[PDB]
Number of protein chains: 2
Amino acid sequence: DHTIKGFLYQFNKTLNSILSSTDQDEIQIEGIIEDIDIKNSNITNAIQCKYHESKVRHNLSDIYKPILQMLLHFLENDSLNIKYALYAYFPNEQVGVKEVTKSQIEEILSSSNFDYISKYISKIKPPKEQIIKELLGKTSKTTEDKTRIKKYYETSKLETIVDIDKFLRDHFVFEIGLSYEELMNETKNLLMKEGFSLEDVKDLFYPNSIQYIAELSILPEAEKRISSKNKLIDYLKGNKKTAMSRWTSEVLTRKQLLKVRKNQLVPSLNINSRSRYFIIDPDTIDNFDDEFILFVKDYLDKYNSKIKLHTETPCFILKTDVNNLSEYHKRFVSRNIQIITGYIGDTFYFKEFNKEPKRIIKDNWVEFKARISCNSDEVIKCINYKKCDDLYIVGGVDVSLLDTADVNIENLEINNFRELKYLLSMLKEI
Amino acid sequence: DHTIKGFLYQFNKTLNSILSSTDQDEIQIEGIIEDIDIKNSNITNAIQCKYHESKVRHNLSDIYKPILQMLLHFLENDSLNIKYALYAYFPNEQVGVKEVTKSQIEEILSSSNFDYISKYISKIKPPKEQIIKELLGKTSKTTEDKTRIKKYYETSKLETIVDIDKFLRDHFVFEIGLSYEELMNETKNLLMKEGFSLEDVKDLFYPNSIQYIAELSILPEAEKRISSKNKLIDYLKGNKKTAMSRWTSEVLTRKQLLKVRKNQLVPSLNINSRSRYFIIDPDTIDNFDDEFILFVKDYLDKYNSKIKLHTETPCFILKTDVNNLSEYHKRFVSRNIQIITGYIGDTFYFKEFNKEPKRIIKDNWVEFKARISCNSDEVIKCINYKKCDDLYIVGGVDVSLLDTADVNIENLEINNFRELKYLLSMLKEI
C-alpha cells in the first residue's frame, strides 16, 4: 500500500506542477531525467517524487539514491541548463526548501552501500587504479570483486569530477513536500482557479485528471508523455461538455426534443428570400417513394408560392441513382410541378443546373420551382460553386466532399415525413 | 513506467473482480492475504496480481516469490478454507488456467536465492541442524551466515511440512491473465452490464472507479479497505445523480440573468435607425474564427436588411492584428458580404473608414453593409470622431482610449456566440 500511496503522491505532484505551470511550459510525465520534467524556454526543471510517511524523521541516507542519480545526470549533462529538484515528504519536517551542504553531499559519496558505489559513485569518483576500473566494468561481479571494490572505495581518497558547489548553488534544490491529503487539497484548489466548482472537481475533474496522468505515465514513448496545462484543461472541458449534453438529453421524450428543434429552426425558416439546400437519404425515411412528391408539393405551397417575395429556389439532393431520378421527374411532371435535374439521359450538365428561373409576375409564372438531383460528384461541385444560406442533412449523409466553410449546417434526425413537416413548420402538431 | 502499468493492471483486475462478484461477496482491496481478498459465505478467495509484459516467455522462476509466500500462508492458515489464486499476464501465454505440477513446486523449494530460502523455504522446509535454525533466527545475518545457509539448503534434503498435493488440488489455482488493454476492455464491458452507457463509463464511471480503488488501496486500516459491488454501484450512481442535478440546476440562474439582460437590451434594438458599435475580444468567445462570419451575416439579415428603413451601418471592432483582419476580409468577400476595413496593405486611412455607404433603392444596393477593423489607435480616433448611440463591449476590452461621455455603454458578459445571439434578440431560446 505504501508504494501505491507513493505513486499517487507522485501523480498528484505532477498534476499540481501541470496546473501551476504556464501555457508555454512543456511538462513530461515520467520524464527521461526524473519523474517530472518541466521544460521552459531556457530552463528544464527535473523533479523527483519521494513519499516517506512511515519515517518519523528525515535522514540523509533516505535521499542517497536520488541525490546520486541527479549528480550523475548533472555530470553527464553539465552543459545543459537543467535544474534538479528533490520533492520528498516527511511528516515531522517543515514544508519548504531545505538546504543540503557540501559536507552532506560528500557524506553521500562515502556511503558503504555497494549498489550506490558501483552505479553512481564510481562515475562521480572514478577509481585511479585500472584494476578497480576493470572490476567495475564487468557486467557480472562476484562476491570477492564486490568486497574488493567496497574496501577500495572505503579506503581510497578519490577526487570528485562533479562540481558540487556549482551543482548545489544552481542546478540543485531540495524541498520538503506537503502531505498526500494536503497535496490533493492544493491540487483541487488549483482546479478551483480554472473555473471549476468544488463538486465538479470532486466527482469528475480530479479523477479524470488522475486517470489521464496514470495513462500518460505508462506510455513507453517519451514523446507521447509530454503534456501541458492547456491540453489538460481542454480535455477536461470537452469531457464536461459531452457529459452535460448527454445527461441533458435522454431525459425528455421525443416530442419535447422535436419541439425544441422546431423552435431552433423557426427563425431561419421565416425568411422569404433565403436559399435552402436539402440532402436526403431515402433509406432513412419510411415510405419515401410514395410520399416524396407530396412533401415537395407542400414545401412549395409554403415557401415558394409568392412570386414577388419568395425568390430563391430549393435544391433537393438525394442519395440514389439517375434512373430513380428520372422516375421521380416523371411523377413530378404528371403532377404539374416544374423541376429541373440537370441530367439529359445519363450526362450531367453544369449550365442546365446552375441557371436561374425566369419570372413573369403578371402571369404568375416561374420557369421551375425546385432542383432535384442525385449526389454525384458533378452535383456536389455545382453546390460548392453556389453556396447556400442553410444546408439541411437528413439521414446522416456523408457530406465530406462538400465545402461547408461559412455555411449553416442543420442536421435533422427524423424517421418519417410527418416529423420533417413538423420540423420545417409545415404542421401544427404531429 | 512498468511498475505504474502493473499497478494499474492490478487495479483493473480488482475492479473486474468487484464487478463480477455477487451482492453477498465482500472484497478487500490490498487485503491481508493477497492483493485481492474475496470473502464469500464459506470460501475466501485470495488473488495475487503480477504483470510481465516485458517477458517474452513465462518461466517458473518468475513466480517463485508469490508461490512461496502463498505456500507459507497456506501452511500458517491450513485450517482456514481459503482458495488461493495467482493472476499473472504473459504476452505469449494463452489466457486460461495453467496447471502447476508437484515437481515444479519442489523445484521452487530448491531455489538458490538466499532471500526466498530465509523467508519462506526455511519455514516450509525446517532445517534439521540447530546451528542452521539459530542462524535463520538472527535478525541480522552476515555474509558468511548467508553463504552457510545457502550451502546447507542446497546440499541437504529436507522434508516438506506443507501438503503440496492437497494444496495444489484444492487451495491452489494458476490463471494466465489478459493484457492490460484487454482487462480494461472487459472491465468496461462489465460496467455497461449494470445499465450504464459507453460514453458515461469512459468519461465518469471508469475513472471514478479507478480512483476509488486507488484510494481504498492506500488506507492503512484493513477494515476500511473492505468494499463490495453494491457499495461501488451506489457510489457511482450517487455521483452521477448529483452531477446531473447540479448541471441541470445551475444553468437556471444563468439563464435567468441572461433573460433579464435581454429584456434590458430589447428596447434599443427595436429602433430602425440607430448606430451600434461592437468591441469584441476573440479570446473570450469559443469558436470565434469559425462562427464570426455567420454571426455578422445573421446580424445584417436582422438589423441591416431593409434598405429604406435601416440607414445606419454597424461597426465591428476586434482585438487582433492586421493579417487576421485580411483573412476575415477574404472570407467575407467569398460569401458576398461587402465590408470596409480602412486598411490598404498595412496603412490605415481615415477617409476610407469614415465614408457613408451609397444607396440605390431601386436596385436594392448598399455599397457596404458593415465596418470591421482592429482596435488600433487610429481606429479608436475614428470612432471617437463620430460617436455612436449604443456601444456594446464583449469581453471586457480596455476602452480607456475611447470618449465615453454621453455614450450608452452596454457591457455583455458571454462566452459563446449563442448567448450573444440570444441577447441581441436574434434567437428565441438558447
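Residues numbered from 1 in each chain as written, not as in the entry; some residues may be left out. Chains lettered and ligands numbered in written order. Part of a larger assembly, values for the part shown. Heavy atoms only, no water.

In terms of determination method and resolution, the entry is listed under cryo-EM at 2.76 Å.

As recorded by the PDB entry, chain A carries the name DUF4297 domain-containing protein and is attributed to Bacillus sp. HMF5848. According to its PDB record, this entry is titled "HerA-DUF4297 assembly 2".

Points about the interface of chain B and chain A
Counted only if it meets this: Whether two residues are in contact is decided by their heavy atoms: any pair within 4.5 Å suffices. Take the accessible area each of two parts loses on contact, using a 1.4 Å probe, and add the two losses: that sum is the buried area. By convention in these notes, a salt bridge is any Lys or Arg side-chain nitrogen within 4 Å of a carboxyl oxygen on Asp or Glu. Here a polar contact is taken to be a pair of N or O atoms separated by no more than 3.5 Å, where protein atoms must pair a possible hydrogen donor with a possible acceptor and residues adjacent in sequence count only if both atoms sit in side chains. Secondary structure elements follow DSSP: runs of H or I no shorter than four residues count as helices, runs of E no shorter than two count as strands, and numbering proceeds from the N terminus.
In this complex, chain B contributes 43 residues to the contact, which on the side of chain A involves 40 residues. Roughly 3,900 Å² of surface becomes buried between chain B and chain A when both sides are summed, with 60% attributable to carbon and sulfur atoms. It is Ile 4, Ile 218 and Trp 247 of chain B in chain B that bury the most area against chain A; as a group they hold 20% of the surface buried on that side. In this assembly, chain B and chain A are joined by nine salt bridges. Of the charged contacts in the structure, one is a salt bridge between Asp 298 of chain B and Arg 274 of chain A, with a shortest N-O distance of 3.6 Å. Summed over the shared surface of chain B and chain A, the result is nine residue pairs in polar contact. Contributions of two or more residues to the side of chain B that touches chain A are made by helix 1 (2–20), helix 9 (198–217), helix 10 (229–269) and helix 11 (288–303) of chain B.

So, the side chain of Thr 313 of chain A
Among the secondary structure elements, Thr 313 of chain A is positioned in the loop between helix 12 (292–303) and strand 9 (315–318). When residues no more than four places from it in sequence are discounted, the contact partners of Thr 313 of chain A are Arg 276, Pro 357, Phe 368, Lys 369, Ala 370 and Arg 371 of chain A.

Concerning the sheet that holds strand 3 (residues 44–51) of chain B
Basically, it comes down to this: The criterion for strand pairing is that DSSP finds at least two bridges linking the strands in question.
On the basis of which strands lie adjacent, the open sheet formed by seven strands has the order 5-6-4-3-2-1-7 (chain B) and mixed pairing. At either margin of the open sheet sits one strand with a lone partner, and together these are strand 5 (96–97) and strand 7 (226–227) of chain B.

Concerning the packing of aromatic side chains
Spelled out, the test is: Side-chain rings of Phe, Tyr and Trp (the six-membered ring for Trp) are treated as a pair once their centres are within 6.5 Å; stacked means planes under 30 degrees apart, edge-to-face means over 60, and tilted covers the remaining angles. Exposure is judged per residue with a 1.4 Å probe applied to protein chains only, and the accessible area is read against the type maximum: over 50% gives exposed, under 20% gives buried, and values in between give partly exposed. Charges are assigned to positions over rings by a cutoff of 6 Å between ring centre and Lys NZ or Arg CZ, combined with an angular limit of 35 degrees from the ring normal.
Taken as a whole, this structure holds 60 aromatic pairs over all chains when the rule is applied. Centroid distance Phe 295 of chain B to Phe 316 of chain B: 6.4 Å. Interplanar angle 85 degrees. Geometry classified as edge-to-face. Here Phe 295 of chain B, found in helix 11, pairs with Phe 316 of chain B, found in strand 9 (residues 315–318); they are 21 residues apart in sequence, far enough to count as distant. Comparing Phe 295 of chain B with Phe 316 of chain B, the two get one shared label, buried. Among the aromatic residues, those joined into a ring-pair cluster are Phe 278, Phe 288, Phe 292, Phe 295, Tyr 299, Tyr 303, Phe 316, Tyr 328, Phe 332, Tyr 392 and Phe 417 of chain A. If you follow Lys 13 of chain B out to its NZ or CZ, it ends over the ring of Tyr 87 of chain B, 3.9 Å from the centre. Geometry around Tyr 206 of chain B places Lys 188 of chain B over its ring, the cationic atom sitting 5.1 Å from the centre.

Quick look at the packing of helix 11 of chain B against helix 12 (residues 322–333) of chain B
Relative placement of two packed helices is described by the angle separating their axes and the distance separating the axes. Residue and element names in this part refer to chain B. We count it as follows: Throughout, an axis means a line fitted to C-alpha atoms (over the contacting stretch in the case of helices), and angles, computed between N-to-C directions, take values from 0 to 180 degrees. Between 65 and 115 degrees an angle is taken as roughly perpendicular, under 35 as roughly parallel, over 145 as roughly antiparallel, and anywhere else as oblique. Helix crossings fall into two classes, left-handed where the near helix is turned counterclockwise from the far one by less than a right angle and right-handed where it is turned clockwise. By the convention adopted, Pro, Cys, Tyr, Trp, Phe, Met, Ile, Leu, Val and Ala count as nonpolar, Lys, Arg, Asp and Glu as charged, and the other residues, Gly among them, as polar.
Remark: helix 11 packs on helix 12, axes separated minimally by 11 Å, with the N-to-C direction vectors making an angle of 50 degrees. By the angle class used here, helix 11 and helix 12 are oblique. The interaxial crossing formed by helix 11 with helix 12 has right-handed handedness. Two secondary-structure elements touch here, helix 11 through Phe 288, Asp 289, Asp 290, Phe 292, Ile 293 and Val 296 and helix 12 through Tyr 328, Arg 331 and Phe 332. Counted by class, the contact of helix 11 with helix 12 contains six nonpolar, no polar and three charged residues.

What to know about helix 1 of chain B
Going by this rule: A helix is expected to reach a length of 1.5 Å times the quantity of its residues less one.
Over its 19 residues, helix 1 of chain B extends 27 Å from the first C-alpha to the last, a length consistent with the 27 Å expected when each residue adds 1.5 Å. Burial within helix 1 of chain B is extensive, with 16 of its 19 residues counted as buried.

Quick notes on the nonpolar core
Soluble, globular proteins show a tendency: their nonpolar side chains are buried together. For clarity, the threshold we go by: Think of a nonpolar core as a cluster: buried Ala, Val, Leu, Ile, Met, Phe, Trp, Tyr and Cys residues, connected wherever their side-chain atoms sit within 4.5 Å.
If you look at the biggest cluster of nonpolar residues, it comprises 77 residues, and the most contacted ones within it are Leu 191 and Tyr 206 of chain A together with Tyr 206 of chain B. Not counting residues up to four positions away in its chain, the partners in contact with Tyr 206 of chain B are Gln 211 of chain A together with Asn 12, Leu 15, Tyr 180, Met 184, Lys 188, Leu 191 and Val 201 of chain B. Among the nonpolar cores identified, the runner-up in size contains 54 residues, and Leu 265, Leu 391, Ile 393 and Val 394 of chain B belong to it.

Some points on the sheet that holds strand 10 (residues 339–340) of chain A
All names here are of chain A. In spatial order, the strands read 10-15-9-8-16-17; together these six strands make up an open sheet with parallel pairing. Where the open sheet ends on each side, the last strands, each with one partner, are strand 10 and strand 17 (408–412). Strand direction decides the pairing type here: strand 8 (residues 276–280) and strand 9, joined by four bridges, are parallel. Note on strand 9: the bridge partner recorded for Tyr 277 is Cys 315. Seen against the sheet, helix 15 (residues 377–385) touches strand 8, strand 9 and strand 15 (370–374) and runs at an angle of roughly 150 degrees to strand 9.

Remarks on the pattern of salt bridges
All told, the structure shown has 48 salt bridges over all chains when counted by the stated rule. Two residues, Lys 102 of chain B and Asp 165 of chain B, come together in a salt bridge whose shortest N-O distance is 2.7 Å. Here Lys 102 of chain B is found in helix 3 (residues 102–109), whereas its partner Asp 165 of chain B is found in helix 7 (residues 164–171), with 63 residues between them in sequence. Each of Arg 274 and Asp 390 of chain A together with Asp 298, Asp 301 and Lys 421 of chain B takes part in salt bridges that share partners, so that together they form one network.

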